[PDB]
file structure-v8.pdb (PDB, C-alpha atoms (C1' of nucleotides))
ATOM      1  CA  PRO K   1      98.872 128.094  39.393  1.00  0.00           C
ATOM      2  CA  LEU K   2      98.167 125.739  42.286  1.00  0.00           C
ATOM      3  CA  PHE K   3     101.377 126.284  44.302  1.00  0.00           C
ATOM      4  CA  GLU K   4     102.452 129.594  45.831  1.00  0.00           C
ATOM      5  CA  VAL K   5     105.590 131.345  44.576  1.00  0.00           C
ATOM      6  CA  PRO K   6     107.431 133.131  47.422  1.00  0.00           C
ATOM      7  CA  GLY K   7     108.655 136.697  47.467  1.00  0.00           C
ATOM      8  CA  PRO K   8     112.342 137.645  47.619  1.00  0.00           C
ATOM      9  CA  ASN K   9     113.884 137.365  51.121  1.00  0.00           C
ATOM     10  CA  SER K  10     110.579 136.167  52.589  1.00  0.00           C
ATOM     11  CA  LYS K  11     110.466 133.802  55.562  1.00  0.00           C
ATOM     12  CA  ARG K  12     109.234 130.922  53.381  1.00  0.00           C
ATOM     13  CA  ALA K  13     111.984 131.574  50.810  1.00  0.00           C
ATOM     14  CA  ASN K  14     114.689 131.758  53.495  1.00  0.00           C
ATOM     15  CA  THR K  15     113.418 128.528  55.080  1.00  0.00           C
ATOM     16  CA  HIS K  16     113.590 126.796  51.680  1.00  0.00           C
ATOM     17  CA  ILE K  17     117.237 127.759  51.086  1.00  0.00           C
ATOM     18  CA  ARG K  18     118.159 126.534  54.581  1.00  0.00           C
ATOM     19  CA  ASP K  19     116.332 123.211  54.147  1.00  0.00           C
ATOM     20  CA  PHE K  20     117.769 122.625  50.658  1.00  0.00           C
ATOM     21  CA  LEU K  21     121.232 123.229  52.129  1.00  0.00           C
ATOM     22  CA  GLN K  22     120.352 120.721  54.864  1.00  0.00           C
ATOM     23  CA  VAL K  23     119.243 118.177  52.229  1.00  0.00           C
ATOM     24  CA  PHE K  24     122.441 118.646  50.196  1.00  0.00           C
ATOM     25  CA  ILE K  25     124.682 118.256  53.278  1.00  0.00           C
ATOM     26  CA  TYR K  26     122.961 114.996  54.329  1.00  0.00           C
ATOM     27  CA  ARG K  27     123.326 113.425  50.877  1.00  0.00           C
ATOM     28  CA  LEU K  28     127.031 114.323  50.903  1.00  0.00           C
ATOM     29  CA  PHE K  29     127.372 112.231  54.078  1.00  0.00           C
ATOM     30  CA  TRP K  30     125.510 109.377  52.353  1.00  0.00           C
ATOM     31  CA  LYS K  31     127.933 109.685  49.420  1.00  0.00           C
ATOM     32  CA  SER K  32     130.994 109.544  51.706  1.00  0.00           C
ATOM     33  CA  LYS K  33     132.548 106.078  51.978  1.00  0.00           C
ATOM     34  CA  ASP K  34     134.841 106.785  54.943  1.00  0.00           C
ATOM     35  CA  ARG K  35     134.029 105.264  58.336  1.00  0.00           C
ATOM     36  CA  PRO K  36     133.213 107.528  60.221  1.00  0.00           C
ATOM     37  CA  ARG K  37     131.566 109.609  57.482  1.00  0.00           C
ATOM     38  CA  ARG K  38     133.211 112.915  56.608  1.00  0.00           C
ATOM     39  CA  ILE K  39     132.834 115.803  54.141  1.00  0.00           C
ATOM     40  CA  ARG K  40     134.715 118.974  53.187  1.00  0.00           C
ATOM     41  CA  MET K  41     133.651 122.620  53.474  1.00  0.00           C
ATOM     42  CA  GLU K  42     135.080 123.157  49.958  1.00  0.00           C
ATOM     43  CA  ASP K  43     132.506 120.817  48.383  1.00  0.00           C
ATOM     44  CA  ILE K  44     129.587 122.759  49.879  1.00  0.00           C
ATOM     45  CA  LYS K  45     131.039 126.170  48.953  1.00  0.00           C
ATOM     46  CA  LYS K  46     131.630 125.019  45.360  1.00  0.00           C
ATOM     47  CA  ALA K  47     127.937 124.115  45.077  1.00  0.00           C
ATOM     48  CA  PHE K  48     126.832 127.185  47.100  1.00  0.00           C
ATOM     49  CA  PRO K  49     129.096 130.129  46.148  1.00  0.00           C
ATOM     50  CA  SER K  50     126.497 132.705  47.284  1.00  0.00           C
ATOM     51  CA  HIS K  51     126.537 131.478  50.895  1.00  0.00           C
ATOM     52  CA  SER K  52     128.980 132.698  53.496  1.00  0.00           C
ATOM     53  CA  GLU K  53     130.919 130.029  55.381  1.00  0.00           C
ATOM     54  CA  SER K  54     129.271 131.168  58.645  1.00  0.00           C
ATOM     55  CA  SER K  55     125.822 130.246  57.303  1.00  0.00           C
ATOM     56  CA  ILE K  56     127.221 126.820  56.396  1.00  0.00           C
ATOM     57  CA  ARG K  57     128.742 126.642  59.900  1.00  0.00           C
ATOM     58  CA  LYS K  58     125.191 126.898  61.286  1.00  0.00           C
ATOM     59  CA  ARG K  59     123.947 123.817  59.420  1.00  0.00           C
ATOM     60  CA  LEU K  60     127.031 121.715  60.274  1.00  0.00           C
ATOM     61  CA  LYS K  61     127.349 122.328  64.024  1.00  0.00           C
ATOM     62  CA  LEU K  62     124.505 120.016  65.091  1.00  0.00           C
ATOM     63  CA  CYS K  63     125.491 116.984  62.998  1.00  0.00           C
ATOM     64  CA  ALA K  64     129.274 117.107  62.589  1.00  0.00           C
ATOM     65  CA  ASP K  65     132.526 117.683  64.473  1.00  0.00           C
ATOM     66  CA  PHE K  66     135.436 119.629  63.003  1.00  0.00           C
ATOM     67  CA  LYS K  67     138.774 117.759  62.855  1.00  0.00           C
ATOM     68  CA  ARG K  68     141.594 120.057  61.762  1.00  0.00           C
ATOM     69  CA  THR K  69     144.484 118.649  59.731  1.00  0.00           C
ATOM     70  CA  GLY K  70     147.804 120.208  58.746  1.00  0.00           C
ATOM     71  CA  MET K  71     146.752 121.265  55.218  1.00  0.00           C
ATOM     72  CA  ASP K  72     144.372 123.848  53.715  1.00  0.00           C
ATOM     73  CA  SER K  73     141.750 121.112  53.226  1.00  0.00           C
ATOM     74  CA  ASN K  74     139.864 119.963  56.332  1.00  0.00           C
ATOM     75  CA  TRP K  75     137.061 117.544  57.169  1.00  0.00           C
ATOM     76  CA  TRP K  76     133.709 117.670  58.959  1.00  0.00           C
ATOM     77  CA  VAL K  77     133.406 114.275  60.672  1.00  0.00           C
ATOM     78  CA  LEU K  78     129.871 113.042  61.381  1.00  0.00           C
ATOM     79  CA  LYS K  79     128.940 112.814  65.063  1.00  0.00           C
ATOM     80  CA  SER K  80     128.882 109.253  66.398  1.00  0.00           C
ATOM     81  CA  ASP K  81     125.670 109.883  68.376  1.00  0.00           C
ATOM     82  CA  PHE K  82     123.919 111.578  65.432  1.00  0.00           C
ATOM     83  CA  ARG K  83     121.685 109.263  63.415  1.00  0.00           C
ATOM     84  CA  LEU K  84     121.891 110.354  59.785  1.00  0.00           C
ATOM     85  CA  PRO K  85     118.335 110.621  58.387  1.00  0.00           C
ATOM     86  CA  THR K  86     117.210 107.970  55.919  1.00  0.00           C
ATOM     87  CA  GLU K  87     116.392 108.576  52.243  1.00  0.00           C
ATOM     88  CA  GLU K  88     112.609 108.988  52.470  1.00  0.00           C
ATOM     89  CA  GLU K  89     113.032 111.231  55.525  1.00  0.00           C
ATOM     90  CA  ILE K  90     115.247 113.465  53.372  1.00  0.00           C
ATOM     91  CA  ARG K  91     112.519 113.280  50.698  1.00  0.00           C
ATOM     92  CA  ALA K  92     109.921 114.681  53.117  1.00  0.00           C
ATOM     93  CA  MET K  93     112.134 117.681  53.966  1.00  0.00           C
ATOM     94  CA  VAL K  94     112.108 119.283  50.487  1.00  0.00           C
ATOM     95  CA  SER K  95     109.726 118.439  47.625  1.00  0.00           C
ATOM     96  CA  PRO K  96     110.374 119.087  43.904  1.00  0.00           C
ATOM     97  CA  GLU K  97     107.453 121.541  43.820  1.00  0.00           C
ATOM     98  CA  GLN K  98     109.055 123.769  46.479  1.00  0.00           C
ATOM     99  CA  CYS K  99     112.278 124.085  44.462  1.00  0.00           C
TER     100      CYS K  99
ATOM    101  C1'  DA D   1     -51.230 168.257  18.726  1.00  0.00           C
ATOM    102  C1'  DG D   2     -50.458 172.917  18.933  1.00  0.00           C
ATOM    103  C1'  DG D   3     -50.654 178.018  20.913  1.00  0.00           C
ATOM    104  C1'  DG D   4     -49.108 180.210  24.815  1.00  0.00           C
ATOM    105  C1'  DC D   5     -46.044 180.398  28.203  1.00  0.00           C
ATOM    106  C1'  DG D   6     -41.307 179.696  30.387  1.00  0.00           C
ATOM    107  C1'  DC D   7     -36.570 180.147  29.438  1.00  0.00           C
ATOM    108  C1'  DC D   8     -32.483 181.120  26.823  1.00  0.00           C
ATOM    109  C1'  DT D   9     -29.693 184.618  24.418  1.00  0.00           C
ATOM    110  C1'  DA D  10     -27.854 190.422  25.257  1.00  0.00           C
ATOM    111  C1'  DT D  11     -27.067 195.085  28.512  1.00  0.00           C
ATOM    112  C1'  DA D  12     -25.772 198.013  33.458  1.00  0.00           C
ATOM    113  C1'  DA D  13     -24.793 197.788  38.612  1.00  0.00           C
ATOM    114  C1'  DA D  14     -24.269 196.366  43.541  1.00  0.00           C
ATOM    115  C1'  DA D  15     -23.763 193.672  47.361  1.00  0.00           C
ATOM    116  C1'  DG D  16     -20.765 189.621  50.227  1.00  0.00           C
ATOM    117  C1'  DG D  17     -19.506 185.159  50.764  1.00  0.00           C
ATOM    118  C1'  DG D  18     -18.226 180.761  48.892  1.00  0.00           C
ATOM    119  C1'  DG D  19     -15.794 177.896  45.784  1.00  0.00           C
ATOM    120  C1'  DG D  20     -12.516 176.920  42.296  1.00  0.00           C
ATOM    121  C1'  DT D  21      -7.851 177.279  40.363  1.00  0.00           C
ATOM    122  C1'  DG D  22      -3.224 178.823  39.898  1.00  0.00           C
ATOM    123  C1'  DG D  23       0.968 180.544  41.836  1.00  0.00           C
ATOM    124  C1'  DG D  24       4.170 181.462  45.375  1.00  0.00           C
ATOM    125  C1'  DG D  25       6.220 180.791  49.716  1.00  0.00           C
ATOM    126  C1'  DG D  26       7.607 178.180  53.583  1.00  0.00           C
ATOM    127  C1'  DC D  27       9.222 174.239  55.770  1.00  0.00           C
ATOM    128  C1'  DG D  28      11.679 169.999  56.322  1.00  0.00           C
ATOM    129  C1'  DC D  29      14.605 166.769  54.631  1.00  0.00           C
ATOM    130  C1'  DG D  30      18.582 164.914  52.244  1.00  0.00           C
ATOM    131  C1'  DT D  31      22.608 165.569  49.932  1.00  0.00           C
ATOM    132  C1'  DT D  32      27.038 167.416  49.332  1.00  0.00           C
ATOM    133  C1'  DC D  33      31.219 169.417  50.853  1.00  0.00           C
ATOM    134  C1'  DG D  34      34.899 170.284  54.014  1.00  0.00           C
ATOM    135  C1'  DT D  35      37.584 168.988  57.683  1.00  0.00           C
ATOM    136  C1'  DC D  36      39.831 165.845  60.657  1.00  0.00           C
ATOM    137  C1'  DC D  37      41.832 161.537  61.740  1.00  0.00           C
ATOM    138  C1'  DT D  38      44.704 157.673  60.798  1.00  0.00           C
ATOM    139  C1'  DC D  39      48.127 154.922  58.404  1.00  0.00           C
ATOM    140  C1'  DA D  40      52.104 154.428  55.754  1.00  0.00           C
ATOM    141  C1'  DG D  41      56.292 155.747  54.080  1.00  0.00           C
ATOM    142  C1'  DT D  42      60.676 158.586  54.165  1.00  0.00           C
ATOM    143  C1'  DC D  43      64.186 161.253  55.903  1.00  0.00           C
ATOM    144  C1'  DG D  44      67.077 162.876  59.502  1.00  0.00           C
ATOM    145  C1'  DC D  45      69.575 162.312  63.756  1.00  0.00           C
ATOM    146  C1'  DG D  46      71.889 159.874  67.326  1.00  0.00           C
ATOM    147  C1'  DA D  47      74.285 155.884  69.201  1.00  0.00           C
ATOM    148  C1'  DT D  48      76.721 151.831  68.913  1.00  0.00           C
ATOM    149  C1'  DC D  49      79.737 148.548  66.758  1.00  0.00           C
ATOM    150  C1'  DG D  50      83.392 146.968  63.767  1.00  0.00           C
ATOM    151  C1'  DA D  51      87.508 147.686  61.134  1.00  0.00           C
ATOM    152  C1'  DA D  52      91.882 149.652  60.277  1.00  0.00           C
ATOM    153  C1'  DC D  53      96.111 151.712  61.658  1.00  0.00           C
ATOM    154  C1'  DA D  54      99.974 152.615  64.677  1.00  0.00           C
ATOM    155  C1'  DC D  55     102.952 151.642  68.369  1.00  0.00           C
ATOM    156  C1'  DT D  56     105.637 148.507  71.189  1.00  0.00           C
ATOM    157  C1'  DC D  57     108.077 144.278  72.388  1.00  0.00           C
ATOM    158  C1'  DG D  58     110.535 140.414  71.422  1.00  0.00           C
ATOM    159  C1'  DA D  59     112.957 137.057  68.732  1.00  0.00           C
ATOM    160  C1'  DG D  60     115.866 135.692  65.214  1.00  0.00           C
ATOM    161  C1'  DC D  61     119.633 136.286  61.976  1.00  0.00           C
ATOM    162  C1'  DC D  62     123.907 138.115  60.333  1.00  0.00           C
ATOM    163  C1'  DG D  63     128.256 140.202  60.756  1.00  0.00           C
ATOM    164  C1'  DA D  64     132.492 141.111  63.125  1.00  0.00           C
ATOM    165  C1'  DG D  65     135.944 140.252  66.378  1.00  0.00           C
ATOM    166  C1'  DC D  66     138.872 137.405  69.198  1.00  0.00           C
ATOM    167  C1'  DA D  67     140.916 133.082  70.518  1.00  0.00           C
ATOM    168  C1'  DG D  68     142.800 128.594  69.654  1.00  0.00           C
ATOM    169  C1'  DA D  69     145.433 125.403  66.839  1.00  0.00           C
ATOM    170  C1'  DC D  70     148.643 123.951  63.357  1.00  0.00           C
ATOM    171  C1'  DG D  71     152.129 125.063  59.368  1.00  0.00           C
ATOM    172  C1'  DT D  72     156.144 127.085  58.113  1.00  0.00           C
ATOM    173  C1'  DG D  73     160.063 129.795  58.332  1.00  0.00           C
ATOM    174  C1'  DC D  74     163.899 131.551  61.009  1.00  0.00           C
ATOM    175  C1'  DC D  75     167.051 131.654  64.736  1.00  0.00           C
ATOM    176  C1'  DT D  76     169.324 129.657  68.420  1.00  0.00           C
ATOM    177  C1'  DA D  77     171.280 125.982  71.203  1.00  0.00           C
ATOM    178  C1'  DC D  78     172.726 121.350  71.686  1.00  0.00           C
ATOM    179  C1'  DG D  79     174.981 117.151  70.342  1.00  0.00           C
ATOM    180  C1'  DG D  80     178.129 114.687  67.645  1.00  0.00           C
TER     181       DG D  80
END
call {"tool": "encode", "arguments": {"input": "structure-v8.pdb", "output": "structure tokens"}}
result
Amino acid sequence: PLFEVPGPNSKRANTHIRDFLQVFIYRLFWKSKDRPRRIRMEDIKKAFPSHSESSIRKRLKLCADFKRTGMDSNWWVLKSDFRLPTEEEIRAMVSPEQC
DNA sequence: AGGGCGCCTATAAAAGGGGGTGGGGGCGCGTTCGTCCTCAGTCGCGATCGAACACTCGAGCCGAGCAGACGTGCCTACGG
């Protein structure tokens, strides 16, 4: 082996889960066709059932603003002053070897 | 040239010194042994240095609670 496998609940392992969540959130904004871009909490929780919503609230507070709507299905609208990172910048965040 | 004479052989004893020869003792020298010194190596003791562990502080993360906002249902008051 040439690449190090982390231990359970290590600092490297916990950083990887956070960054992979940050990668997946960003690509959901790139998939959204609405102007301004918007995503749902339900789509992240369906892909990440082992995360609490509060841990997802940490990754969404810096890049998105919560707009509540009169239905049990609400949107995270991308901040107008937040520049969404480009594709190759997302590529540098998490490599296939780290996964 | 040859008879008689001188000398050799043998026997005792002494006396004294001199010379010759063999053995022993004494002296001087060299050799051998013992002791001491020096060098090397090893072990023991002390001191110093490095490593490992434990304690403390701080930072980060997660959970829970409360507040705000909107839906929905119910009750009341207002308007037709």
call {"tool": "closest_atom_pairs", "arguments": {"input": "structure-v8.pdb", "of": "chain D", "to": "chain K", "cutoff": "10 Å", "atoms": "all atoms listed in the file", "output": "CSV"}}
result
residue,atom,partner,partner_atom,distance
D:61,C1',K:55,CA,9.8
D:62,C1',K:55,CA,8.6
D:63,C1',K:54,CA,9.3
D:69,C1',K:68,CA,8.3
D:70,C1',K:70,CA,6.0
D:71,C1',K:70,CA,6.5
call {"tool": "residues_near_point", "arguments": {"input": "structure-v8.pdb", "point": "(129.2, 106.8, 55.7)", "cutoff": "12 Å", "atoms": "all atoms listed in the file", "output": "compact mmCIF listing (two decimals) with C-alpha atoms, keeping the file's coordinate frame"}}
result
# COMPACT_ATOMS: atom_id res chain seq x y z
CA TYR K 26 122.96 115.00 54.33
CA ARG K 27 123.33 113.42 50.88
CA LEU K 28 127.03 114.32 50.90
CA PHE K 29 127.37 112.23 54.08
CA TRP K 30 125.51 109.38 52.35
CA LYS K 31 127.93 109.68 49.42
CA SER K 32 130.99 109.54 51.71
CA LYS K 33 132.55 106.08 51.98
CA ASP K 34 134.84 106.78 54.94
CA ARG K 35 134.03 105.26 58.34
CA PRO K 36 133.21 107.53 60.22
CA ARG K 37 131.57 109.61 57.48
CA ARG K 38 133.21 112.92 56.61
CA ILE K 39 132.83 115.80 54.14
CA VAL K 77 133.41 114.28 60.67
CA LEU K 78 129.87 113.04 61.38
CA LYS K 79 128.94 112.81 65.06
CA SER K 80 128.88 109.25 66.40
CA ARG K 83 121.68 109.26 63.42
CA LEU K 84 121.89 110.35 59.78
CA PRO K 85 118.34 110.62 58.39
call {"tool": "residues_around", "arguments": {"input": "structure-v8.pdb", "residues": "region 19-23 of chain K", "least_positions_apart": "2", "cutoff": "7 Å", "atoms": "all atoms listed in the file", "output": "PyMOL selection string"}}
result
chain K and resi 15-17+25-27+59+90+93-94
call {"tool": "atom_distance", "arguments": {"input": "structure-v8.pdb", "atom1": "CA of residue 45 (chain K)", "atom2": "CA of residue 5 (chain K)"}}
result
26.3 Å
call {"tool": "atom_distance", "arguments": {"input": "structure-v8.pdb", "atom1": "CA of residue 41 (chain K)", "atom2": "CA of residue 60 (chain K)"}}
result
9.5 Å
call {"tool": "atom_distance", "arguments": {"input": "structure-v8.pdb", "atom1": "CA of residue 48 (chain K)", "atom2": "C1' of residue 65 (chain D)"}}
result
25.0 Å
call {"tool": "axis_aligned_box", "arguments": {"input": "structure-v8.pdb", "around": "region 7-17 of chain K", "padding_each_side": "6 Å", "output": "AutoDock Vina command-line options"}}
result
--center_x 112.9 --center_y 132.2 --center_z 51.5 --size_x 20.6 --size_y 22.8 --size_z 20.1
call {"tool": "resolve_selection", "arguments": {"input": "structure-v8.pdb", "expression": "the PyMOL selection byres ((chain K and resi 66) around 9)", "output": "list in words"}}
result
residues 61, 64, 65, 67, 68, 74, 75, 76, 77 and 78 of chain K
